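Notes for the structure review
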Amino acid sequence: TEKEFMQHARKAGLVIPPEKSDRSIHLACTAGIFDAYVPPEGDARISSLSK
Amino acid sequence: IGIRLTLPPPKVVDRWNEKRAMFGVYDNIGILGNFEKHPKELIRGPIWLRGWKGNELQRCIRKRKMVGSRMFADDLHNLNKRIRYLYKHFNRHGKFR
Amino acid sequence: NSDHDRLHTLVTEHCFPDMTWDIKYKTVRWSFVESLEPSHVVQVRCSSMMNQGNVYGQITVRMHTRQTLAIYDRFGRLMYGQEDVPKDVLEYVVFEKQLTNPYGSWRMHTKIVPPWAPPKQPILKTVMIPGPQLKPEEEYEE
Amino acid sequence: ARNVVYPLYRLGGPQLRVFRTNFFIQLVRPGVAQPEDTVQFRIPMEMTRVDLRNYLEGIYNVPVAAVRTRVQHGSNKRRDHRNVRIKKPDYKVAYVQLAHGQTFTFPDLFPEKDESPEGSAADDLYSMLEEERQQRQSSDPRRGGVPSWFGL
Amino acid sequence: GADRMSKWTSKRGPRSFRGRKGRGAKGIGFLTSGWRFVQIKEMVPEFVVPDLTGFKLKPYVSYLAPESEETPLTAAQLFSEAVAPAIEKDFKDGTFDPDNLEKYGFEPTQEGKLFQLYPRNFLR
Amino acid sequence: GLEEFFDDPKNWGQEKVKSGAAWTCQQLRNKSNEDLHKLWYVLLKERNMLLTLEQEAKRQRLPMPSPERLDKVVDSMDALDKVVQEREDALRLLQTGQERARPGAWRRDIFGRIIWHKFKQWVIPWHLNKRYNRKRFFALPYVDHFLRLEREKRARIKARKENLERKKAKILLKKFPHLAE
Amino acid sequence: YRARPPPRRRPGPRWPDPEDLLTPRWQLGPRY
Amino acid sequence: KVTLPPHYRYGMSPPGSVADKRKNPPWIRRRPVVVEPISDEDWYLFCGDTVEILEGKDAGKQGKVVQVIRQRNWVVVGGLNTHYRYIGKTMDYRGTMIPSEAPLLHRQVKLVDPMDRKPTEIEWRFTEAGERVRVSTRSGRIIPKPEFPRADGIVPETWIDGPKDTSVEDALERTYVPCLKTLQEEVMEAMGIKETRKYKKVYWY
RNA sequence: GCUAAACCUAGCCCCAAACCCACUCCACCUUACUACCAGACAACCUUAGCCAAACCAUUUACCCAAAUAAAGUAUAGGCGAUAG
Ligand SMILES: [K+]
Ligand SMILES: [Mg+2]
Ligand SMILES: [Mg+2]
Ligand SMILES: [Mg+2]
Ligand SMILES: [Mg+2]
Ligand SMILES: [Mg+2]
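Below or above, wherever it landed, is the structure these notes cover.

Thresholds applied
- Residues numbered from 1 in each chain as written, not as in the entry; some residues may be left out.
- Chains lettered and ligands numbered in written order.
- Part of a larger assembly, values for the part shown.
- Heavy atoms only, no water.
- Helix = DSSP H or I, 4+ residues; strand = E, 2+ residues; numbered from the N terminus.
- Buried < 20%, exposed > 50% of the residue type's maximum accessible area, 1.4 Å probe, protein only.
- Contact = heavy atoms within 4.5 Å.
- Areas by Shrake-Rupley, 256 points an atom, 1.4 Å probe, with all protein chains shown as cover.
- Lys, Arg positive; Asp, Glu negative; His and termini not counted.
- Charge placed at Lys NZ, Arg CZ, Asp CG, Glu CD.
- Core = buried A, V, L, I, M, F, W, Y, C linked by side-chain atoms within 4.5 Å.
- 1 Å grid on protein atoms, 1.4 Å probe; cavity = no way out; pocket = protein on both sides within 12 Å on 5 of 7 lines; lining within 4 Å.
- Points joined across faces, edges and corners; volume = space filled by probe spheres on them.
- Nonpolar A, V, L, I, M, F, W, Y, C, P; charged D, E, K, R; others polar.
- Near = heavy atom within 4 Å.
- Polar contact = N/O pair within 3.5 Å; in protein donor to acceptor, adjacent residues only side chain to side chain.
- Pairing = 2+ DSSP bridges.
- Expected span 1.5 Å × (residues − 1).
- Arc of directions from axis to C-beta.
- Bend = angle between axes of the 7 residues up to and from the residue.

**Examining the overall build of chain F**
- Counting its secondary structure elements, chain F contains 5 helices and 4 strands.
- Along its sequence from the N terminus, chain F presents helices and strands in the succession β-α-α-α-β-β-β-α-α.
- Across its three principal directions, the C-alpha atoms of chain F cover 70 × 70 × 40 Å.
- Here chain F holds 181 residues, and the buried ones make up 44% of them.
- Look at the contacts in chain F between residues 6 or more apart in sequence, and 54% of them connect residues 24 or more apart.
- Within the structure as shown, chain F displays about 11,300 Å² of accessible surface, and the carbon and sulfur contribution to it stands at 54%.
- A gap of 11 Å separates the mean positions of the 42 positive and 26 negative side-chain charges of chain F.

**Observations regarding the nonpolar core**
- If you look at the biggest cluster of nonpolar residues, it comprises 70 residues, and the most contacted ones within it are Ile25(D), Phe41(D), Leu52(D), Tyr55(D), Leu56(D), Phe5(F) and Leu39(F).
- With 12 residues, the single largest contributor to this core is helix 2 (residues 33-59) of chain F.
- Excluding residues within four positions of it along the chain, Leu39(F) makes contact with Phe55(E), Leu57(E), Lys58(E), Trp23(F), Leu28(F) and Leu80(F).
- Ranked by size, the runner-up nonpolar core spans 13 residues in total, among them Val77(H), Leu80(H), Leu104(H) and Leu111(H).

**Quick word on empty space enclosed by the protein**
- For the structure on display, the rule yields 6 cavities of 30 Å³ or more.
- Roughly 190 Å³ of internal volume is contained in the largest cavity.
- If you trace the largest cavity, you find 18 residues lining it, with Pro14(D), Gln15(D), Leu16(D), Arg17(D) and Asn121(E) closest to the centre.
- The class makeup of the residues in the lining of the largest cavity is 12 nonpolar, 2 polar and 4 charged.
- Counted as a void, the second largest cavity has a volume near 70 Å³.
- Among the residues making up the lining of the second largest cavity, the classes are represented as 6 nonpolar, 3 polar and 2 charged.

**Let's talk about the arrangement of the chains**
- Summarising the chain contacts, 14 pairs of chains touch, and the pair with the most contacts is chains E and F.
- One finds no contact linking chain D with chain G; the least C-alpha distance across the pair is 48 Å.
- For chain E and chain G, which are not in contact, the least C-alpha distance works out to 42 Å.

**Quick notes on the protein's contact with RNA strand I**
- Lining the immediate surroundings of RNA strand I are 70 residues, of which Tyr87(B), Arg100(F), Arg102(F), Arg131(F) and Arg136(F) lie closest.
- Within 4 Å of the protein, the contacting atoms of RNA strand I are drawn from sugar and phosphate to the extent of 60%.
- Between a base oxygen of RNA strand I and a side-chain N or O atom of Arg100(F), the distance comes to 2.4 Å.
- Taking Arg131(F), its side chain carries an N or O atom lying 2.3 Å from a phosphate oxygen of RNA strand I.
- Looking at the surface near RNA strand I, the elements with two or more residues in it are helix 2 (56-67) and helix 3 (73-92) of chain B, helix 1 (15-20) of chain E together with strand 3 (114-118), helix 4 (130-134) and helix 5 (144-175) of chain F.

**Description of the sheet that holds strand 7 (residues 104-105) of chain H**
Residue and element names in this part refer to chain H.
- Across the sheet, which stays open at both edges, the 3 strands sit in the order 3-4-7 with antiparallel pairing between neighbours. At either end of the open sheet lies a strand with only one pairing partner, and these are strand 3 (65-69) and strand 7.
- Pairing geometry for strand 3 and strand 4 (residues 74-77), over 4 bridges, is antiparallel. What sits directly across from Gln67, in strand 4, is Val76.

**Overview of the pairing of strand 5 (residues 91-98) of chain D**
All names here are of chain D.
- Among the 8 residues in strand 5, 7 count as buried, and that is most of the element.
- Across 8 bridges, the pairing between strand 4 (residues 64-72) and strand 5 is antiparallel. Counted as the bridge partner of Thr69 is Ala94 from strand 5.

**Describing the layout of surface pockets**
- Its volume calculated, the second largest pocket comes out at about 1,800 Å³.
- Taken together, 48 residues make up the lining of the second largest pocket; nearest its centre are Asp18(C), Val113(C), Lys120(C), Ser148(D) and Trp149(D).
- Where the lining of the second largest pocket is concerned, the elements lending two or more residues are strand 4 (87-98) and strand 5 (107-112) of chain C together with helix 3 (124-135) of chain D.
- Looking at the lining of the second largest pocket element by element, the count peaks at 5 residues for strand 4 of chain C.
- Broken down by class, the residue content of the lining of the second largest pocket amounts to 20 nonpolar, 14 polar and 14 charged.

**Some remarks on the environment of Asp73(C)**
Residue and element names in this part refer to chain C.
- On the secondary structure map, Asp73 appears in the loop between strand 2 (56-72) and strand 3 (78-80).
- Note: C-alpha distance between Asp73 and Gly57 (16 residues apart in sequence) is 37 Å.
- If we skip the residues at most four places from it in the chain, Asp73 touches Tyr25, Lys26, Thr27 and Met79.
- Within the structure, the side chain of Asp73 is placed 2.6 Å from the backbone nitrogen of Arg77, a separation counted as a polar contact.

**Quick look at helix 3 of chain B**
- The first and last C-alpha atoms of helix 3 of chain B sit 29 Å apart over 20 residues, in line with the 28 Å expected at 1.5 Å per residue.
- Along helix 3 of chain B, the residues that are buried comprise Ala73(B), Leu79(B), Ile83(B) and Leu86(B). Down the axis of helix 3 of chain B, the buried set is contained in an arc of 155°. They therefore lie on one face.
- At its buried positions, helix 3 of chain B is contacted by helix 2 of chain B together with helix 5 of chain F.
- Note on helix 3 of chain B: the residue one or two positions beyond its end, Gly94(B), has a positive phi of about 145°.

**Examining helix 2 (residues 75-93) of chain E**
- Along its 19 residues, helix 2 of chain E runs 26 Å from first to last C-alpha, staying within 8% of the 27 Å computed at 1.5 Å per residue.
- In helix 2 of chain E, a bend of some 50° at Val83(E) exceeds every other bend along the element, and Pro85(E), a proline, comes one to four places later.
- Those residues of helix 2 of chain E lying buried are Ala75(E), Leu78(E), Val83(E), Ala84(E) and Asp90(E).
- Those residues of helix 2 of chain E that are buried lie in contact with helix 3 (101-104) of chain E together with helix 3 (68-95) of chain F.
- The positive-phi residue at the C-terminal boundary of helix 2 of chain E is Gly94(E), with phi of around 95°.

Dropping the structure here:
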């Protein structure tokens, strides 16, 4: 009659792996573009004007 | 319930290993070897069972008089109780007289 | 075809969530009908030398082609787009490649959406936007 | 010293001297309001107030006037998964009062300003997460769950 | 209903039990008539603290140091470094006798010494 | 002063504190007894500062800045203590020839097992000690049965331990036959 | 494979060590 | 210190970490994984050594080894044989996908010769000086142990002594003069403490 | 479709072989795990009974140092059960 539910898991952080570790996460792609590109306004009109 | 839902792993058996391919060899060591050796001498196992056969009461009695002085205190005590029980069962209980 | 095994070789890890998360339990019928104007390399910019031991390069490509999109919900009902009539799409596709990695390759990274872009095609169904929920003590302000 | 055999003393014997001591004390912040001169230490059980008096005067050159010690019981109520009691070790608490009217206040070893790094810190993994989260926006309610990746 | 698997300490038992049990601290005196405690000054361990002014060594060691191999000290090694040089000089001079081993530094007996080696009568 | 229980005020609140390596046993064998005696309290006063900082870290529910600093000091304290004891042990063998500082002997207890009895120091000789004589250093014949029972208990534990190892080796060759080859 | 060498009755007299306590007393007498 | 279950299952996370405890609570008991017994001397794969994947999703590719687990005979290659997982997931945010490497057994990778970027087998030998080295079976050449950053991360080449760090001139100076006196006897000579009283005999038993 | 149901190891058993363990520091026969004072206190001695004899009262197998055989033989025994 002393049995109880196995409710023991607790929340933790997923942002950073354990500290003082030689292994680090290898990233294949960067988060964002290094320099933002702003196409000139009205470039849709230039689509028709192919020349 | 009580029956598995998945097949057990396949039982691969090597029928031509060293032990199976050479099983039964030298079993005629006496007839074919001028009777210098005996086929029961090939038997390996407990020293109280080599070339001998008997019922449970005889096996316990034979074991006690051969390796009884080497048995552990708890094991020897259990053997003595088993002999006491088997003696009463065989000599006092049963259907036939 | 939900070929996510090969899609990782064509798009980056940043681009993948934008593509597959919203179509997890939906059916997409996308096709390429015709191409109007050839793609032109607008801008090429690389990363700084040895930021984290690796060097990245990005190439901006402008594409203006007709596309057909048909999106069905989990039950197969039509949800967005028309499977018959294609319409022109003018989008700036940005690619990326890890130059330091010998096994790297150019993959789709993101899409540039200009502030002057026309509004997208409206959806078939109607939507409701509820107002703020008001507790009894709180009083609404217009 | 602890875990060592003290040489027996008889009348007329030499002074007992210890050259290397294994006693390690730790200054702690009292949990209750204390007088200004009162200083609280945690000392090993084998340590006496006479030894602690010479320990502070001899090593740290701190004049001490009164030393009061008590033994703190460690709770044995905690039980692990095997229903076996887990014992928190007992420790001795010492209250030391400064001699010449000096007042000691426990310093703030974790100031908030000093914790905050003035210099810019740019973790690669954190920078990846921060940029993408700002770039990505919540789905437009007027879109009704239709994916925004497609430009059509 | 008593806990027989918990440590028996001075906090358990009646008044006579609690006062008689200690915590491991060494005694520094004795009780006289009238329950009066007499503290013996010589029984209190006196700390021999050296002067640390102008001391070169520091708690940590810089990483820019060679990785010297560890050589545990042995009795044979100590004899060669300390006693052997003196014997060699006396051996060459020709004035050597076992009766003078006390002059080299050998101690025939530990009695009459402030710091006896066996059994040792000093703290760590 | 009591300022020695805390680190430098400029280091308070910092996430990391640079520290060097710990003294090794070979590096401490070049120092004299006087130098090691002075170095002992340099490390001891540093250890009390680290214990104070570690306790306040738990009190404030924040991680310790450089927990590896405490391990370095503890290793330094043990290494320094090893050097000093080793020098005395070597000197004790030269002057007396004893490998143990504290006297002792091998005696059977009341339970019949061989133990190393460490001698205590008494003002009176042993034949006059009332409390010493109550202790029994001899086993009566009724203990010999339990000595066999304990010996056979150890034999079963060792027999199970040896048999289990052979079971592991035989099974481990089924999945990796190249080990035998 | 190849069979192991046949078990043969080991030739020559068998003289156990008389100083061994596991030697049966009948292998050390004149009759033996 | 170290508290490991008798049949503890080693994983990607280091033992004692927050995730490791949740993955391997003290009470759980899983089937132990069979591990081929390889002596530490016979092991020939080190961190920072380029190896080629023989079997896997990306076979025949060469990559640097960032971590090795000797308990399970595991080798991890950066950027190779990697799946994808969302990191930093929250209730409102779906998460950011990152490539996570999958461990590879020592039999699934094969060391590459420095001269020829092809997989090859190596055998330990000894040079003229006596230093133990690994020599490839085909076209035997010396394969030096790659330099890898230390676990703590301190670089000796860029180390600046702190206020509590003993200098090299002081940490290596030899001041010990071997004599026949103990530390206690020597210190009282320097301190000048005098004790004319004589220690009395005590019975030991 | 809930509760559940399934799993393969942990380890163990019987043999063979070989005669096993116990000083890191400190504490431990007093109220064990307790630094530190006149003791004189000292160990050894048939097992019984259940049970069988259809009760029970004499009696009733219990390794004593080589497997086999002599042999369940000579003997013993309310000359009974049984023992040998
Ligand atoms: K009856
Ligand atoms: Mg019958
Ligand atoms: Mg008190
Ligand atoms: Mg109870
Ligand atoms: Mg009857
Ligand atoms: Mg009756």
